[PDB]
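Take a look at this one chain, the form deposited in one PDB entry, written out in structure tokens.
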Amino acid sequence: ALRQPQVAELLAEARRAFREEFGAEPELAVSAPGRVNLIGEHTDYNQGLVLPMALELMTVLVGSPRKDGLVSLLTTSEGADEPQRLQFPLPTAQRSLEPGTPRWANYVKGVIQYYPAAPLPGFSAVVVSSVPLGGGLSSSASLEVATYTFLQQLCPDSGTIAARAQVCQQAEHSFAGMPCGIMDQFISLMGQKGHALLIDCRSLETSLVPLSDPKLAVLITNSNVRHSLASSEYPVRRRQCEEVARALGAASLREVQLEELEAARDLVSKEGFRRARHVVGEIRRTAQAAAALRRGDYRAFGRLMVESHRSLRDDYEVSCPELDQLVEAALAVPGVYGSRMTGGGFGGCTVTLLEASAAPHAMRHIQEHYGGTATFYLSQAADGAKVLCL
């Protein structure tokens, strides 16, 4: 399992790079984590239920206010596209920022563009990250939330945490061209160490669910693949879900149950019906999973994870031979409660819930039974966005 750097080490890397780059020590430091979704896939934009936890993998951003209305950025992240630096002036009423190259700067630009408070000053900042870029653990959401958290120090907003997630979400939409739901940004903002986070994506109610057992661990396996469908088929699923809700007279698939869906089978397409069945079933399973998690019922939680994956594979069709093979290998290992693809699909990571003692045995077997090269993360539930004054 990859070492996973602590905050103090990333902070120190960011600090040193900043000092060398701008000639002075930075004044502020913030962090925001990536995520793994335990269960509740492709429900968040359907106003469903999700149960993610924040990872120890995080994006760290150190910086200082400037007096010239200029923004100057540097990243050291492996995988970031060239150039590693970018400067631009703050947006104004007559001229707004715009997505372009380098791509990693669009996330930062986006948050700045839709930041709700004023006056925002210019600033200098160094970005570092332990979240694998585009690997399926929401590196971008961590970048957006870290950026938002940073801007709060420069110019405190005065709204809810949901308003913040939605700003970060808007950046992902408008500047990264990924019309994501609210989950990634919300868990990045609101995670707590030792807890998973049940999010009702209709009411925006959230609930901290304990998940801290020495005999229990969460194994994240990176397939290290990412089919182009991960980007292009995502928005298609949102339209297909919308089109099914429209035909049933429902505001969203949250208002629809399997039986109501059964009765209206001749009212939607075969493919649409399969899409809606996953969602409806997944929303149910996430409520069951949350309950199972509370009373410490790990075996039931695991089984519910396996149903989630089968549903994602057969009805919503957002899996791939890589993820499937990773899941099958995982379920063959003694001590494994459950396994499923996590995140958007078509590559990325799987999440596996197992007895802590089985993690070494599960890593060897999964790797040997995998045709590509898997990467492994053994993660505990971590905190959300934080701030440290330097």
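The numbering used is simple: start at 1 and walk along the sequence shown.
There is another form of the same protein, the form deposited with a small molecule bound; it is not shown, and what comes next is about it.
Only one of 361-369, 63-71, 29-37, 320-328 lies within 4.5 Å of the small molecule in the deposited complex by heavy atoms, and it is 29-37. Contact annotation: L11 falls within 4.5 Å of the small molecule in the deposited complex, judged by heavy atom distances.
The small molecule in the deposited complex is approached by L388, whose closest heavy atom lies within 4.5 angstroms of it. The small molecule in the deposited complex comes within 4.5 Å of no heavy atom belonging to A1.
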